[PDB]
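We begin with a single chain expressed as C-alpha cells, specifically the form deposited in one PDB entry.
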C-alpha cells in the first residue's frame, strides 16, 4: 500500500472509500477502493472476470485488516454525463452504443454465473473512446459519513423488492432497462424513495402484477393481497420519442416475470441493434 500516492478522494459508498491514486512503481493512475474490516475468494474470481466492458480489477491488496481493490481509472461516470447532457439529451446512436456494450458486458458476466446486482448510472464508467464499463460489482465496517443517495432503489428489480432471496441474472437486465429509459427520456423511470414507494411506482406504470403476467407472484415473501391494483399504462406514454424497436426491446427488459425477461444474449440479437455504431461522446475532463 506504500506503493500508492493518493491524489484525491473520488467518493464514498456504504462499505468503502474510493480514491484517485498513483502507483509509485508502475507510474499508473488508478482508482483505489478501501474497505474497513469467502470475500477474498470471491474477489479473486473477480480478478479473472476480464472483459472490455468491465472495469479492470488490477490488484487486490489484503493487509491485516484493510482490503484495497485497485482498478483501472476512468474519468467519467454515466450519471454525471446524463446530468451534463440533460438540456439536449444523449444522441440516440450513443444511447444505443452504450446499451449494446453493457449488454455485451452482462452477457459475459452472466455466462460465468456472476451477477452484478446493483447496476446504476453512477456504477457505469465511460471514456473518450466511446467505451462504457460495468463497475462496483455487488461486508466490512460502515462508513459513518456516507450520505444518502436518492437514486438508491430506482434500478431495483421487482423480485428483489418482493423478497426473493435467490434471484437471478434477470435482475441486471431490469436495472439496465431502467437506465435505458432514463437515457432516452432524461428522467428516472421509477424514482422511489423507499421500498414500498419503489414497488408502487413500478406498479403504477407497468400495472400491479398478478398470476396472469407473473406466475408465482402472489406467493413471494413480501407480496400482499392488499397491494393496490393499478392498471398498466401504455409504453408509448412511458418513453417517448423512442422508436418501436427501442420500445419493443425495453418492454422485454422490463417483463415482471424474471423467466420471461429477455436475457443479455438474446437482447444483443434484437433488431434495435441492426444499425448499432460506436460514436464518441464529447467529454469535458
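Shifts are known only where both forms have a C-alpha. Residue numbers count along the first chain shown, from 1. Whichever C-alpha set is largest while still superposing within 1.5 Å between the two forms counts as the rigid core.
We do not show the form deposited in another entry, though everything after this point is about it.
message: To test your reading of the superposition: with the rigid core aligned, which of 83, 210, 197, 149 moves its Cα by 2 angstroms or more between the shown form and the other one?
response: Result of the superposition: 149 is the only one at 2 Å or more.
message: Rigid core aligned, does the Cα position of residue 15 differ by 2 Å or more between the shown form and the other one?
response: For residue 15, whose C-alpha is compared between the shown form and the other one after core superposition, the shift is 2 Å or more.
task: Tell me whether residue 188 and residue 145 end up closer or farther apart in that other deposited form, going by their C-alpha atoms; the shift is 3 Å or more.
output: Distance between the C-alphas of residue 188 and residue 145: shorter in that other deposited form, by 3 Å or more.
field: Distance direction in that other deposited form for the C-alpha atoms of residue 14 and residue 125, relative to the displayed form (3 angstroms or more)
entry: Distance between the C-alphas of residue 14 and residue 125: shorter in that other deposited form, by 3 Å or more.
- request: Give the consecutive runs of 3+ residues, present in both forms, in which every C-alpha shifts by 2 Å or more between the shown form and the other one after rigid core superposition.
  value: 13-15, 139-151 are the stretches that move between the shown form and the other one.
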